[PDB]
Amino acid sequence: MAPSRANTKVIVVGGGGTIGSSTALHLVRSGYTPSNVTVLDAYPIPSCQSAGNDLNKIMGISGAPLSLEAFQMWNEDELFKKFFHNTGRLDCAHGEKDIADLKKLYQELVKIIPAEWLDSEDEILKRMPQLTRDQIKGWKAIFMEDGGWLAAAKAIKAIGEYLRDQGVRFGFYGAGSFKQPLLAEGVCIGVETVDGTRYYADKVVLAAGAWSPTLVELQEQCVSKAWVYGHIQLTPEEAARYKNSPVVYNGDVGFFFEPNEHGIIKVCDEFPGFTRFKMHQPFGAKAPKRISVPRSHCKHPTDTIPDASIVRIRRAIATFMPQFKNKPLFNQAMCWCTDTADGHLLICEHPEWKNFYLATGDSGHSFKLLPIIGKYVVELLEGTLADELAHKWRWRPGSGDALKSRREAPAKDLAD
C-alpha cells in the first residue's frame, strides 16, 4: 500500500496471450482497480498470434512448478472449469528406452497423483478400447484419471470478456503493439506503442510470448521456436469410435484423438523444431543481432511447413491410429513459443528498468498455467513472490543455451 493496489496502474503487454491474460485476471481478482489495468496487444484478445489461441491443448500433470495448483483451478475455478475436459490420460511406451523412462516418470508421478502402471495389453485396451491388440504388442502404459484437454482459445476469450465487463482498459493494433518502455531515471514509467501512444503506469509486465526477446534485449535467455501441427479429418462414423477416449502421451508428447464437432483431430510435432533467425534490434540492444523472431499467424497461414515436421506427425498418427495413416494432413500451421535453457519461466523484474517485469519463457508448456500463473506475476509486482519461485524464474543471462534448451537437439532454422 505505497500506492494501494486500488490506486496502482499496471500495463500488461501481451495481455491478449496466455501469461498476459492470466496476469490481468489476477490483478483484477487481487483488488487492482480494473480501469487502472491496461492490456496492450498487437491483436485483440484472444490474440490471433497467441500460442494459447487454439482449439485445444493437453492438460497433463507433471512435476513442473504449479502443475497441480493449475490442475486444481481448472477443476474448481468457476471461470476456467467449463474449458477443461477431464478425460483421463494414458502415457504409452514401447522399447527398452521408453519403457525405462516411463518407469522413471511413473515413480515421480505416483507420488503426486494416483497413477496406474499398466503391464498387460489387456489392461491398456480397457482404458482405451480404440487401440488394437497387435498395435500395442510390447506396450506399457501409465493410466491417470487426472488429465484431459483444454478449450484453450475459449478460456482466454472468457478472461477477455470478464476483464472487459470489469472495465480493464485495452489497446490493440498500433495502439497496442509495444515499441519501448518509457524510462525516467532508470525507472520504467510506462510504454510507448508503435503509433506513438504513451501509457503511463507504476508497473509494466512484458508477457509477449515468443515476441518477448524481439521487443526487449533478453541476452538470449529466451529463444523463440516454431511448433508445427496439423489436422486430419475423420468421418462421423470414424469420429464416433473415439468417443470417450483419453489423452495419450508418447514420452513427453501428448495427443488427443477424439475429433471436434467437424471431425478434426489436431496433431502436433514432437517439439518446437524451428528458429527463424534474423538481424533485429530489441529495445535495450545497442546494435542489431541475430535473434529468432516469430512469423505472425494472423499474417502467415500456408507458410512452408518443414517436411520433417509432417513426417514426425505422420509417424505419430501411424503409431496410434494405423487405420488413419492415409489421411491427408491439412491446415498445417505453426505456433510460437520461447525456450529458456532450463525450461523454466522467466518471471522477474528487469535488472535495470525498475518496475518493468518479464513474464515469458513459456518454454512450450505453460498454457496449462493459464488459471494460476498471473497470481505469481502479481506476487512478483508486489515483492512477495516466494524465493523458490523467484530463483527458478530469475534473470539468468548466460545460464545455458536456450537454442538447445533441455531438448535433445538445437532447433533447425527455417531459412535452411
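The first residue of the sequence shown is number 1, and the count goes up from there.
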Next on the checklist: Regarding 333-341 and 239-247, which shows the higher C-alpha temperature factor on average in the entry?
Outcome noted: 239-247
Checklist entry - Out of 69-77 and 303-311, which stretch has the higher average CA B-factor listed in the record? => result 303-311
Next on the checklist: Among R276, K126, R164, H85, where is the Cα B factor highest in this entry?
Outcome noted: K126
Checklist entry - Going by the deposited entry, which of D195, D269, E217, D98 has the highest CA temperature factor? => result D98
Checklist entry - Which third of the chain does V110 land in by C-alpha B-factor: lowest, middle or highest? => result highest
Checklist entry - According to the PDB entry, is the CA B factor of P294 in the bottom, middle or top third of its chain, that is, lowest, middle or highest? => result middle
Item to check | Third of the chain, ranked by Cα B-factor, where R406 sits | outcome: highest
Checklist outcome for this item: Of the three thirds of the chain ranked by Cα temperature factor, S212 occupies the lowest
Next on the checklist: Based on the deposited C-alpha B factors for this chain, I'd like to know if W139 is in the lowest, middle or highest third.
Outcome noted: highest
